[PDB]
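Engineer: this one's a deposited entry, sequence included:
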Number of protein chains: 6
Amino acid sequence: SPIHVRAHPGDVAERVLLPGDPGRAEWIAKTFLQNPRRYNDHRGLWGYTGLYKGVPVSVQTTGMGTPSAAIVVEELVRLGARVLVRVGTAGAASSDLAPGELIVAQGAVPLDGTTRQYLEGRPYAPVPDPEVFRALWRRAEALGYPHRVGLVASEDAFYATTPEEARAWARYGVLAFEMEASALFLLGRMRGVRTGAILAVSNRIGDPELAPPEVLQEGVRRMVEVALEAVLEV
Amino acid sequence: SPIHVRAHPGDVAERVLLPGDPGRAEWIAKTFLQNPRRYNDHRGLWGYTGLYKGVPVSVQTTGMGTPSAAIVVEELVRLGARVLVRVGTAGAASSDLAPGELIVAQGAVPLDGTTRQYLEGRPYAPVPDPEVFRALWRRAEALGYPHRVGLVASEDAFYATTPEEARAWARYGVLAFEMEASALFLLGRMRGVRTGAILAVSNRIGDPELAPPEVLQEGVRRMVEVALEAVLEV
Amino acid sequence: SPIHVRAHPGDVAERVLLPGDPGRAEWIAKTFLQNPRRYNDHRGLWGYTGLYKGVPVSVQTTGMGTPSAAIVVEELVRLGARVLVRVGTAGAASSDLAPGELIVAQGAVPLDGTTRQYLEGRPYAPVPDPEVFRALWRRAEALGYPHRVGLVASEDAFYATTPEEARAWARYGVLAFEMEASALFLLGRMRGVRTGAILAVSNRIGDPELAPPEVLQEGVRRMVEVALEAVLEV
Amino acid sequence: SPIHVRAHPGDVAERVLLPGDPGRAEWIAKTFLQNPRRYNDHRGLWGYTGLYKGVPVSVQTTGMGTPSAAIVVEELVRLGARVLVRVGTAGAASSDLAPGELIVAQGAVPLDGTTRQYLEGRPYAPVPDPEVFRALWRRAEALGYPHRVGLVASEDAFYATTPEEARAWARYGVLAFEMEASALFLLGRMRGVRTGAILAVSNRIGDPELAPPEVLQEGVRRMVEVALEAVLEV
Amino acid sequence: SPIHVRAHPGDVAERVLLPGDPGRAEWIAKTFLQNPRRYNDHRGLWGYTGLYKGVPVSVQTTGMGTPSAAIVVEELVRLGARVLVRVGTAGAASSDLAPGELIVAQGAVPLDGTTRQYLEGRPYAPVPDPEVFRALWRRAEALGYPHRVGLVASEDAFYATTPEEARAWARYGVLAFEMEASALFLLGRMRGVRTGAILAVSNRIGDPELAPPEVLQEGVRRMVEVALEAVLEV
Amino acid sequence: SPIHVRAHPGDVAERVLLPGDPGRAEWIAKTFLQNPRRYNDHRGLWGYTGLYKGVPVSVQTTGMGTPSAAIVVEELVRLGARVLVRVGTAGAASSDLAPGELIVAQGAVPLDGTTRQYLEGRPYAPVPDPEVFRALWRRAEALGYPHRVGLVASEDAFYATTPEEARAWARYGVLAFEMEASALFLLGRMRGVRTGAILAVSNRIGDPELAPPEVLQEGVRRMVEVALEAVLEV
Ligand SMILES: Nc1ncnc2c1ncn2[C@@H]1O[C@H](CO)[C@@H](O)[C@H]1O
Ligand SMILES: Nc1ncnc2c1ncn2[C@@H]1O[C@H](CO)[C@@H](O)[C@H]1O
Ligand SMILES: Nc1ncnc2c1ncn2[C@@H]1O[C@H](CO)[C@@H](O)[C@H]1O
Ligand SMILES: Nc1ncnc2c1ncn2[C@@H]1O[C@H](CO)[C@@H](O)[C@H]1O
Ligand SMILES: Nc1ncnc2c1ncn2[C@@H]1O[C@H](CO)[C@@H](O)[C@H]1O
Ligand SMILES: Nc1ncnc2c1ncn2[C@@H]1O[C@H](CO)[C@@H](O)[C@H]1O
């Protein structure tokens, strides 16, 4: 059994969703999955498995940061995960993005040391699996939810980025900041598995608090629904 | 008039194709465009403009390497370019990519110094414009032309990369090596224009020569058609 | 109330133990603290406050990785944390360090990207607060529990480091690898709070699994006992 | 037969001048060479061969940037080039260097990615061949043409450098900016050939346009004379 | 016999004091030791050996800069040196340190190139041997001499660091700047010997001159006394 | 009066030779200078001033390593030094350089941290003053001494470079390793003074000991002579 996600042979399904927060994971399992069984709770890394419209689907908590997320991904791939789609939140880098908006990550700027350690310092363009990416973009369009497509930046120091630095990054195409995408995408190519990421803007860089819970929840629901319909596509 | 691409308002169309080789530019102009006209030949940067299915389309040579293409792109943008798609060739990094095969660039690892200078050393994930990327992908499918969608690595030193170094990059998802995409993608986001890149494999890194004209030529023809159909879509 | 550790000023004591796993947090609260109360469970970041020999002591879960821990330390300081001692586990860099042995961290090689982001790429020597470091070393001696005093290395990629790379680092004095210390030490200096770190070796780098519960539990119990005794000393 | 400069050993003389602009290459062949013959035009990399004062000399275009130049240089060496002297233009970094003034590159600061890739990140001091350097310096003195002997900077991003960044570099000895010297000098030492570079200042960093056609043209004329007189002396 | 410190077997004692200035090495030997004997003077790297309270103690000059210190340390170790304590001067970074104050180095920020070359660019936390660190601290207290325990920064360019930068580093815990600590600490771990460092602030960064030889002198005597007591403890 | 080289303006001549070894500075003074007087002995940095064929000439010790050398050079410039020429030894990186052979430094690969700190990490090509370099070159030929003209590499860790790395560097043009020239050349440009460097190969990289006293002493004498004759022409 893996060191952190202590699950067994058949616990994890080929299709997995990766929320960073264990609380969102739980909500997804109860709200969208039939016959949900929690196969792991060690280290608060709640992971569940059930059926979504007849297809087996897993929901695994990654924790915050790429160091934490990388661990979960590597182990999920060992357990059998084939398609892993992250469903998280992000802080808008600019002002054209408003809380509640969705982001289909086309790529993730690697500002984290996890991808850096796996790459031994080499440059790199973390991008999701083209198919998964395409699937997320279609489903989002299909459902008709206000969404954006483009770059996000995966960082490590949540509290080190200043609004001014956020603006500087936006001039480079970064729509928002998060802390897991880059490593996921990198591992996707390294371990030969299909990955993707869709985010829900929960705040603007610099905000002392997140957007009103109502606004937030609605974006999360839409995001999860897109991700779920998308994972079935591939 | 710009310092390198000495063209005047009206010469360059909104839609532009960016081949690295000026000989191909000439060929594309005569072969696909009605009433082709060469608006620039300074420094060998042969740039044409004609109509493709009634729509204005320009074909501007970039030269080899990001330093060169950067110059061409920055200036084309000043002149009015809004949608720029590079149609070049690349060297297979892996063994599954067969010469002649097409690659729709989903992202470009930045191993060049041009992106490094524009970014001041900051990490980055060069990606094409989502819409353009999407259009290129779809058009390839609609035309029934086999294709690969993925990452390419933009490098500066053509003769530096060893097959062993290539296989290493292939393990990170790099399909092939070329020398212009990264800066195109970066400038795309920096200047607010939509870019893209479709490449025709012309060899497999390590090869003393390129591939047989005929096998590679049909690839080049398809690439251009896809690229032309795509720029009219967006 | 902070964004991640949803608590208030009066919920956190001046002295805080920082385990990485919420499971140990809960275990410490119930096993060592009198009248322990959980002030947070958001994101699984389990936090407890109670009394130890009459002195208020908080036990906050940090999660895995400096990005997670940094978010948690920044917020604990905001909430009035003054003395923070990490009580975690680590992987031995050499064959001579056996599971269960204790390590009083004299410093932490910064291999993570979190410290890097805060330091804007500048070199640095992550070190504990001198008085806390000395307090941990003294209690360990006063209690008659064997221990090692030295350097540990804070990394981002759990599954990148191979046994050969770890032993190479051992030549430079690295006793073990873990994933939180460096940032804790850095933030200690940046935010002006006393911090320290004590670890219990739970495995040798490269081991498929961790050591058997009993062997490790006594080391963990000892570690926790030393930490609580040391925080009351400062 | 090289992949880019499609010539064969024998088409290229041991003495070669390396202009960036292909039109300048043509001008030099028809102007100073007897029985000029173009041996390559592939990729617009115009190359000529003829006699200068009874000695065989080649004028090969390199294109803009160290990526393009490194390719041409690597192939010219294959074709058997022994002495290669760059004859280009440059943008003044200081305010004392006026358009039309000549520079005998004593060294070239490597700000490009080409040399970086070749050196694998290692620091380096790009310098010409001692003798070529001396011959150029001597010939410029003899012909009594006002010149400067010092450092130039080789960059990748033409439109990135600002007047302020240039003045800053001037304080370190950088006399002017260009885009090929560094790679030429590096490759010279690596492939066992003699290289050198003489430049004619055509503008000041930040200038929207080059200097008057007339003023610039004379400088180019002296530069070539100096270069031709020099390569014949080694 | 070593290349620089031309001593013979047995000349060097197991415990060694390392002043950067030969003038100070001479003074220490003739002031605190019994039967001071000079075993080396080649390259001005004055080294003495005598008895401190019946124990053999050496005082080896290091010179300035980590490159010089590194040579001396390497050769001393190769000669049998076991305990090496640096006794030098430093430049205060903040106003929180006055001239004449003693600093017991807890660690040393590696801003130098020597540590960098030995580490091949890898991050690192240079610290003293724990016991030597502990001893230095313990003796300072037992002798009633005021002192500070914290970080110092080891740099290369003495005349480059500005007061503004120094204050910046202060925000990260840097108490003062010196030029040998980092390499000594690193070599201590690599070479398996016990090192440590105590410094006497002799000025503020930016000061045109060093503090009056009076206020400074008492600080230096205290520093040397503590270091002597210390090396005997280990 | 400077902090390290405690001399008065009149003490230092416009022309200065900069040997690293204080013992050689003395030998130079007593062997080539008429009426030589020592103006400094503080920190072992022995400095002398006398007459060479009627012209005032100073001989100032630099110590080992760019850190120490930069200090000395900075202070000499502030004292009035106009022409500074290093006269030292170096370690051959290849087999075609025998001990006792002379090298006129055309440039110096900056492997040191001092130049790095002064440059704030920017790339660069340490080169001497054109005229000084020319004079050094011309004199060596005039006195008919066997010499090489090319690159050296200034390093920080004397004991880190392996015969293998030395050879790798040799393929890039490096003839020998030393520890001062790079910072000298950089400062020469920054402070507006004419610098130069000439070395006498005294060993091969990896040698336990230096060559026989006589083979090397003749090289040193020729080197010192060429430097003297040279500074008199600048
Ligand atoms: N402003 C922000 N900066 C970084 N990560 C953010 C932000 N807002 C939300 N997140 C996401 O949620 C967590 C931080 O609250 C991270 O896991 C990250 O992916
Ligand atoms: N193996 C290869 N490596 C780098 N660039 C290549 C390769 N094959 C084709 N190219 C493309 O064509 C040029 C090099 O011939 C570059 O402009 C690049 O875009
Ligand atoms: N071998 C190891 N490598 C890295 N971190 C380790 C190791 N063993 C235990 N840890 C610690 O526990 C977690 C990984 O299980 C990390 O949070 C880290 O601090
Ligand atoms: N200001 C400048 N910046 C960079 N390259 C310049 C400049 N002026 C002239 N050049 C030279 O000419 C080309 C850019 O026009 C490059 O190949 C370069 O060598
Ligand atoms: N301001 C300062 N900056 C750097 N080193 C200093 C300073 N003051 C004293 N020193 C120490 O003494 C020498 C410089 O005089 C160096 O060896 C260093 O360790
Ligand atoms: N092999 C070598 N490596 C580095 N520096 C050397 C070598 N041989 C002689 N030196 C020179 O002499 C000193 C080291 O003894 C340095 O100041 C340096 O300039």
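Structural biologist: Alright, I've got the coordinates. Numbering: from 1, shown residues only, chains lettered A, B, ... in the order given. Ligands and ions are numbered 1, 2, ... in the order given.
Engineer: the helix or strand harbouring residue A:136 near chain B at all?
Structural biologist: According to DSSP states H and E, residue A:136 maps onto helix A:130-143. Yes - using Cβ under 8 Å from any Cβ of the partner chain, helix A:130-143 reaches chain B at A:130, A:133, A:134, A:137. All C-beta spots, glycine's among them, are computed from the backbone N, C-alpha and C.
Engineer: pull up the residues of chain A that are close to chain B.
Structural biologist: A:106-111, A:119, A:122-127, A:130, A:133-134, A:137, A:149-151, A:171-173, A:182, A:186, A:189-190.
Engineer: which phi and psi does the residue with the largest distance to the centre of chain A have?
Structural biologist: Centroid-distance maximum for chain A: residue A:164 at 25.4 Å, with Cα atoms, centre = their mean. Per-residue torsions, residue A:164: phi -60, psi -40 (degrees, to the nearest 10).
Engineer: one more: residue A:211?
Structural biologist: Torsion angles, degrees, to the nearest 10, at residue A:211: phi -70, psi 160.
Engineer: isn't it right up against residue A:92?
Structural biologist: No - judged on Cβ atoms under 8 Å, residue A:211 makes no contact with residue A:92 at a distance of 10.0 Å.
Engineer: ok, the residue nearest the centre of chain A - contacts?
Structural biologist: By Cα atoms, centre = their mean, chain A has its centre lying nearest to residue A:86, at 2.2 Å. Residue A:86 makes contact with A:17-20, A:62, A:69, A:105, A:180-181, A:184, A:195-199, according to Cβ atoms under 8 Å, 6 or more residues apart in numbering or on different chains.
Engineer: rewinding a little: common neighbours of residue A:211 and residue A:92, please.
Structural biologist: A:99, A:201, A:203.
Engineer: most neighbours, which of those residues?
Structural biologist: Counting neighbours by other Cβ atoms under 10 Å in any protein chain shown, residue A:201 comes out on top of those with 25 neighbours.
Engineer: give the bridge partners for that one, please.
Structural biologist: residue A:90 (DSSP bridges).
Engineer: isn't it right next to residue A:98, touching?
Structural biologist: Yes - applying Cβ under 8 Å as the test, residue A:201 and residue A:98 come out as touching, 6.7 Å apart.
Engineer: what residues are shared contacts of those two?
Structural biologist: residue A:92.
Engineer: rewinding a little: any residue of the helix or strand where the residue nearest to the centre of chain A lies touching ligand 1?
Structural biologist: Assigned by DSSP H and E, residue A:86 belongs to strand A:83-92. Yes - looking at strand A:83-92 against ligand 1 by Cβ under 6 Å from any ligand atom, the contacts come from A:88, A:89, A:90, A:91.
Engineer: show me what the host helix or strand of residue A:221 is packed up against.
Structural biologist: If you go by DSSP H and E, residue A:221 is part of helix A:213-233. Other elements packing on helix A:213-233 under the criterion 3 or more Cβ pairs under 8 Å, 6 or more residues apart in numbering or on different chains; DSSP states H and E are strand A:15-18, helix A:22-32, strand A:55-60, strand A:83-92, strand A:102-110, helix A:130-143, strand A:194-204.
Engineer: dump the ones you listed to TSV, plus distance to residue B:145.
Structural biologist: Shown next, in TSV, are the helices and strands packed on helix A:213-233 (distance: least, Cβ to Cβ, whole Å):
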stretch	distance to residue B:145
strand A:15-18	30
helix A:22-32	39
strand A:55-60	32
strand A:83-92	27
strand A:102-110	23
helix A:130-143	16
strand A:194-204	23
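Engineer: for these, which one sits closest to residue D:57?
Structural biologist: For residue D:57, the closest of the helices and strands packed on helix A:213-233 is strand A:102-110, at 48.9 Å, according to Cβ to Cβ.
Engineer: what sits closest to the residue of chain A found nearest ligand 2 if chain neighbours are left out?
Structural biologist: Ligand 2 sits closest to residue A:123 of chain A, with a gap of 15.6 Å, by Cβ to the nearest ligand atom. In this structure, residue A:123 finds its nearest non-sequential neighbour in residue B:110, 4.9 Å apart by Cβ to Cβ, 6 or more residues apart in numbering or on different chains.
Engineer: out of the contacts of residue A:86, which comes closest to ligand 3?
Structural biologist: residue A:69 (12.8 Å).
Engineer: surely the closest one and residue A:19 touch.
Structural biologist: No - contact criterion Cβ under 8 Å: residue A:69 and residue A:19 do not qualify, at 10.7 Å.
Engineer: more neighbours: the two, which one.
Structural biologist: residue A:69 (31 against 25).
Engineer: for the helix or strand containing that one, packing partners?
Structural biologist: When elements are defined using DSSP H and E, residue A:69 is found to belong to helix A:66-79. For helix A:66-79, the contact count by 3+ Cβ pairs under 8 Å, 6+ apart identifies strand A:15-18, strand A:55-60, strand A:83-92, helix A:113-118, helix A:181-190, helix C:66-78 as packing neighbours.
Engineer: now do the second one against helix A:66-79, angle only.
Structural biologist: Yep, that's strand A:55-60 we're talking about. 150 degrees (axes from the mean of the first three to the mean of the last three Cα atoms, to 10 degrees).
Engineer: buried residues of strand A:55-60, list them for me.
Structural biologist: A:56, A:57, A:58, A:59, A:60 (16 or more other Cβ atoms under 10 Å in any protein chain shown).
Engineer: quick one: closest of the helices and strands packed on helix A:213-233 to ligand 5.
Structural biologist: Taking the helices and strands packed on helix A:213-233 one by one with Cβ to the nearest ligand atom, strand A:102-110 is closest: 36.1 Å.
Engineer: quick one: the closest one to chain centroid distance?
Structural biologist: 10 Å (Cα atoms, centre = their mean, to the nearest Å).
Engineer: and it, anywhere near ligand 1?
Structural biologist: No - Strand A:102-110 lies out of reach of ligand 1 by Cβ under 6 Å from any ligand atom, never closer than 10.4 Å.
Engineer: ok, residue A:112 touching residue A:185?
Structural biologist: No - counting by Cβ under 8 Å, residue A:112 stays clear of residue A:185, with 11.3 Å between them.
Engineer: if we ignore the residues flanking it in sequence, what's nearest residue A:82?
Structural biologist: Nearest one to residue A:82, counting by Cβ to Cβ, 6+ apart, is residue A:14 at 4.1 Å.
Engineer: same deal with residue A:50?
Structural biologist: residue A:33 (3.0 Å).
Engineer: neighbours of the residue in chain A that chain E sits nearest to, how many?
Structural biologist: Residue of chain A nearest chain E, by Cβ to the nearest Cβ: residue A:121 (8.9 Å). The number of residues packed near residue A:121 is 9, by other Cβ under 10 Å.
Engineer: so it: helix, strand or coil?
Structural biologist: At residue A:121, secondary structure determined by DSSP: H, G, I helix; E, B strand; the rest coil is coil.
Engineer: list the contacts of it.
Structural biologist: Residue A:121 touches nothing, counting by Cβ under 8 Å, 6+ apart.
Engineer: unless I'm mixing things up, residue A:75 is touching residue A:5, no?
Structural biologist: Yes - with contact defined as Cβ under 8 Å, residue A:75 reaches residue A:5; the gap is 4.6 Å.
Engineer: assumed residue A:177 was part of a helix.
Structural biologist: No - checked against three-state DSSP, residue A:177 lies outside a helix; its state is strand.
Engineer: how near is the residue of chain A closest to ligand 2 to ligand 3?
Structural biologist: 26 Å (Cβ to the nearest ligand atom, to the nearest Å).
Engineer: could you see whether ligand 1 lies near the helix holding residue A:221?
Structural biologist: No - using Cβ under 6 Å from any ligand atom, helix A:213-233 stays clear of ligand 1, with a minimum separation of 10.3 Å.
Engineer: would you point out which residue of chain A is nearest chain C?
Structural biologist: residue A:113 (2.3 Å).
Engineer: how about that residue, nearest residue that isn't a chain neighbour?
Structural biologist: Residue A:113 sits nearest to residue C:113 (Cβ to Cβ, 6+ apart), 2.3 Å away.
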